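J.: Can you keep this structure in mind? I'll have questions shortly.
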Amino acid sequence: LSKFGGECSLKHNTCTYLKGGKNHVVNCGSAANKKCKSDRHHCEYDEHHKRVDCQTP
């Protein structure tokens with residue numbers, strides 16, 4: 001189980017992370033502290049507890 005880093009889309013509210021040649025897209029969530037707030041902001045997806053965060057510094 002790993003964490004993956006990517007970048008978020010402000011328009012689409014998604015985190016896109018690259019893994020083994022595949023871009024995986026996950027919705028950031030709509031909570032105020034989870035949604036993408038700045039285009040191409042760093043985001044992370046953690047397979048431990050399926051956590052997505054689009055506000056991670």
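In the structure tokens, the first chain shown is A, the next is B, and so on; residue numbers restart at 1 for each chain, and ligands run from 1 in the order shown.
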Give me, as a VMD selection string, all polymer residues having an atom no more than 12 Å from residue 49 of chain A, counting only C-alpha atoms and skipping those fewer than 2 positions away in the same chain.
T.: chain A and resid 1 to 3 45 to 47 51 to 52
J.: Got a sec: who's within 7 Å of segment 37-40 of chain A, counting only C-alpha atoms, leaving out chain neighbours fewer than 5 positions off, as a list in words?
T.: residues 7, 8, 9 and 10 of chain A
J.: Take the selection from the previous step and output its residues with N, CA and C atoms, as a PDB file, in the first residue's frame.
T.:
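Full text of selection_24.pdb as output:
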ATOM      1  N   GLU A   7      -1.280  16.097  -9.090  1.00  0.00           N
ATOM      2  CA  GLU A   7      -1.710  17.481  -9.155  1.00  0.00           C
ATOM      3  C   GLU A   7      -3.201  17.520  -9.349  1.00  0.00           C
ATOM      4  N   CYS A   8      -3.844  18.549  -8.776  1.00  0.00           N
ATOM      5  CA  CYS A   8      -5.302  18.620  -8.879  1.00  0.00           C
ATOM      6  C   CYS A   8      -5.787  19.581  -9.959  1.00  0.00           C
ATOM      7  N   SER A   9      -6.970  19.313 -10.494  1.00  0.00           N
ATOM      8  CA  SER A   9      -7.630  20.166 -11.469  1.00  0.00           C
ATOM      9  C   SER A   9      -8.664  21.000 -10.729  1.00  0.00           C
ATOM     10  N   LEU A  10      -8.547  22.321 -10.820  1.00  0.00           N
ATOM     11  CA  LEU A  10      -9.496  23.196 -10.173  1.00  0.00           C
ATOM     12  C   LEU A  10     -10.874  23.042 -10.818  1.00  0.00           C
TER      13      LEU A  10
END
J.: Could you tell me how far atom CA of residue 5 of chain A lies from atom CA of residue 23 of chain A, in Å and to one decimal?
T.: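 One can read the atom CA of residue 5 of chain A to atom CA of residue 23 of chain A distance as 11.1 Å.
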J.: Contacts of residue 56 of chain A at 10 Å or less, counting only C-alpha atoms, minus same-chain residues fewer than 3 places along, as a list in words?
T.: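 In the requested form, the answer reads residues 5, 33, 34, 36, 41, 42, 43, 44, 52 and 53 of chain A.
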J.: Quick one: everything within 8 Å of residue 13 of chain A, counting only C-alpha atoms, minus sequence neighbours fewer than 6 positions away in the same chain. Send it as an MDAnalysis selection string.
T.: chainID A and resid 27:29 35:36
J.: Per DSSP on the backbone, what are the strand (DSSP E) residues of chain A, as a list in words?
T.: residues 3, 4, 5, 6, 7, 8, 9, 14, 15, 16, 17, 18, 19, 22, 23, 24, 25, 26, 27, 42, 43, 44, 45, 46, 51, 52 and 53 of chain A
J.: Please dump the current selection as an mmCIF file, in the first residue's frame; keep N, CA, C and O atoms.
T.:
data_model
loop_
_atom_site.group_PDB
_atom_site.id
_atom_site.type_symbol
_atom_site.label_atom_id
_atom_site.label_comp_id
_atom_site.auth_asym_id
_atom_site.auth_seq_id
_atom_site.Cartn_x
_atom_site.Cartn_y
_atom_site.Cartn_z
ATOM 1 N N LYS A 3 1.337 5.665 -1.023
ATOM 2 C CA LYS A 3 0.814 6.987 -1.263
ATOM 3 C C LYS A 3 1.356 7.422 -2.618
ATOM 4 O O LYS A 3 2.502 7.112 -2.964
ATOM 5 N N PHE A 4 0.556 8.160 -3.372
ATOM 6 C CA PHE A 4 0.930 8.642 -4.683
ATOM 7 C C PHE A 4 0.713 10.117 -4.713
ATOM 8 O O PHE A 4 -0.310 10.625 -4.230
ATOM 9 N N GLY A 5 1.651 10.819 -5.308
ATOM 10 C CA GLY A 5 1.538 12.266 -5.448
ATOM 11 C C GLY A 5 1.090 12.643 -6.836
ATOM 12 O O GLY A 5 1.425 11.970 -7.806
ATOM 13 N N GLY A 6 0.323 13.713 -6.926
ATOM 14 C CA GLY A 6 -0.131 14.207 -8.210
ATOM 15 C C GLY A 6 -0.450 15.673 -8.151
ATOM 16 O O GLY A 6 0.011 16.391 -7.257
ATOM 17 N N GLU A 7 -1.280 16.097 -9.090
ATOM 18 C CA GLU A 7 -1.710 17.481 -9.155
ATOM 19 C C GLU A 7 -3.201 17.520 -9.349
ATOM 20 O O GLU A 7 -3.770 16.652 -10.037
ATOM 21 N N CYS A 8 -3.844 18.549 -8.776
ATOM 22 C CA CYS A 8 -5.302 18.620 -8.879
ATOM 23 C C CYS A 8 -5.787 19.581 -9.959
ATOM 24 O O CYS A 8 -5.078 20.498 -10.360
ATOM 25 N N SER A 9 -6.970 19.313 -10.494
ATOM 26 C CA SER A 9 -7.630 20.166 -11.469
ATOM 27 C C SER A 9 -8.664 21.000 -10.729
ATOM 28 O O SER A 9 -9.567 20.458 -10.066
ATOM 29 N N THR A 14 -10.436 17.075 -9.262
ATOM 30 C CA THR A 14 -9.826 15.757 -9.244
ATOM 31 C C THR A 14 -8.350 15.839 -8.949
ATOM 32 O O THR A 14 -7.702 16.858 -9.239
ATOM 33 N N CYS A 15 -7.802 14.749 -8.431
ATOM 34 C CA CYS A 15 -6.387 14.504 -8.264
ATOM 35 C C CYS A 15 -5.958 13.516 -9.328
ATOM 36 O O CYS A 15 -6.581 12.453 -9.402
ATOM 37 N N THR A 16 -4.972 13.840 -10.140
ATOM 38 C CA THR A 16 -4.452 12.903 -11.125
ATOM 39 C C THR A 16 -3.058 12.518 -10.701
ATOM 40 O O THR A 16 -2.219 13.394 -10.471
ATOM 41 N N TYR A 17 -2.802 11.223 -10.558
ATOM 42 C CA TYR A 17 -1.482 10.736 -10.189
ATOM 43 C C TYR A 17 -1.046 9.676 -11.163
ATOM 44 O O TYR A 17 -1.838 8.869 -11.650
ATOM 45 N N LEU A 18 0.243 9.689 -11.439
ATOM 46 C CA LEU A 18 0.828 8.768 -12.407
ATOM 47 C C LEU A 18 1.386 7.560 -11.704
ATOM 48 O O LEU A 18 2.153 7.705 -10.744
ATOM 49 N N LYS A 19 1.023 6.385 -12.151
ATOM 50 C CA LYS A 19 1.508 5.139 -11.552
ATOM 51 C C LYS A 19 1.717 4.115 -12.650
ATOM 52 O O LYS A 19 0.757 3.765 -13.329
ATOM 53 N N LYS A 22 0.198 4.902 -16.071
ATOM 54 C CA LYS A 22 -1.209 5.193 -16.084
ATOM 55 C C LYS A 22 -1.547 6.383 -15.212
ATOM 56 O O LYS A 22 -1.174 6.407 -14.030
ATOM 57 N N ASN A 23 -2.271 7.335 -15.740
ATOM 58 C CA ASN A 23 -2.777 8.448 -14.964
ATOM 59 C C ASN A 23 -4.081 7.990 -14.311
ATOM 60 O O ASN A 23 -5.034 7.581 -14.992
ATOM 61 N N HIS A 24 -4.093 7.985 -12.999
ATOM 62 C CA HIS A 24 -5.274 7.637 -12.231
ATOM 63 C C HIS A 24 -5.942 8.920 -11.801
ATOM 64 O O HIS A 24 -5.265 9.853 -11.382
ATOM 65 N N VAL A 25 -7.253 9.014 -11.929
ATOM 66 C CA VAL A 25 -7.984 10.220 -11.584
ATOM 67 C C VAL A 25 -8.939 9.894 -10.449
ATOM 68 O O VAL A 25 -9.721 8.922 -10.538
ATOM 69 N N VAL A 26 -8.880 10.671 -9.376
ATOM 70 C CA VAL A 26 -9.767 10.475 -8.246
ATOM 71 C C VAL A 26 -10.374 11.804 -7.879
ATOM 72 O O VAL A 26 -9.671 12.807 -7.804
ATOM 73 N N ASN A 27 -11.673 11.835 -7.612
ATOM 74 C CA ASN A 27 -12.314 13.069 -7.180
ATOM 75 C C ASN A 27 -11.763 13.476 -5.809
ATOM 76 O O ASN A 27 -11.551 12.622 -4.934
ATOM 77 N N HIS A 42 -0.536 20.518 -5.502
ATOM 78 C CA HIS A 42 -0.147 19.153 -5.123
ATOM 79 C C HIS A 42 -1.352 18.432 -4.488
ATOM 80 O O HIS A 42 -2.146 19.041 -3.756
ATOM 81 N N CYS A 43 -1.492 17.172 -4.798
ATOM 82 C CA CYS A 43 -2.496 16.339 -4.185
ATOM 83 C C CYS A 43 -1.883 14.989 -3.935
ATOM 84 O O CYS A 43 -0.800 14.643 -4.469
ATOM 85 N N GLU A 44 -2.558 14.228 -3.090
ATOM 86 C CA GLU A 44 -2.089 12.895 -2.800
ATOM 87 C C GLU A 44 -3.240 11.949 -2.648
ATOM 88 O O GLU A 44 -4.325 12.331 -2.205
ATOM 89 N N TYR A 45 -3.006 10.716 -3.023
ATOM 90 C CA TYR A 45 -3.932 9.628 -2.858
ATOM 91 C C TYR A 45 -3.193 8.533 -2.101
ATOM 92 O O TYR A 45 -2.123 8.093 -2.522
ATOM 93 N N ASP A 46 -3.731 8.149 -0.958
ATOM 94 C CA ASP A 46 -3.110 7.145 -0.123
ATOM 95 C C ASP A 46 -3.963 5.940 -0.148
ATOM 96 O O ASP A 46 -5.130 5.992 0.255
ATOM 97 N N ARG A 51 -7.533 7.545 1.148
ATOM 98 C CA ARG A 51 -7.585 8.953 1.470
ATOM 99 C C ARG A 51 -7.139 9.771 0.288
ATOM 100 O O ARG A 51 -6.061 9.546 -0.247
ATOM 101 N N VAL A 52 -7.932 10.756 -0.100
ATOM 102 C CA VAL A 52 -7.530 11.719 -1.120
ATOM 103 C C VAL A 52 -7.471 13.087 -0.476
ATOM 104 O O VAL A 52 -8.269 13.397 0.406
ATOM 105 N N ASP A 53 -6.474 13.871 -0.837
ATOM 106 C CA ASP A 53 -6.369 15.223 -0.328
ATOM 107 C C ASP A 53 -5.821 16.101 -1.416
ATOM 108 O O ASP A 53 -4.725 15.853 -1.911
#
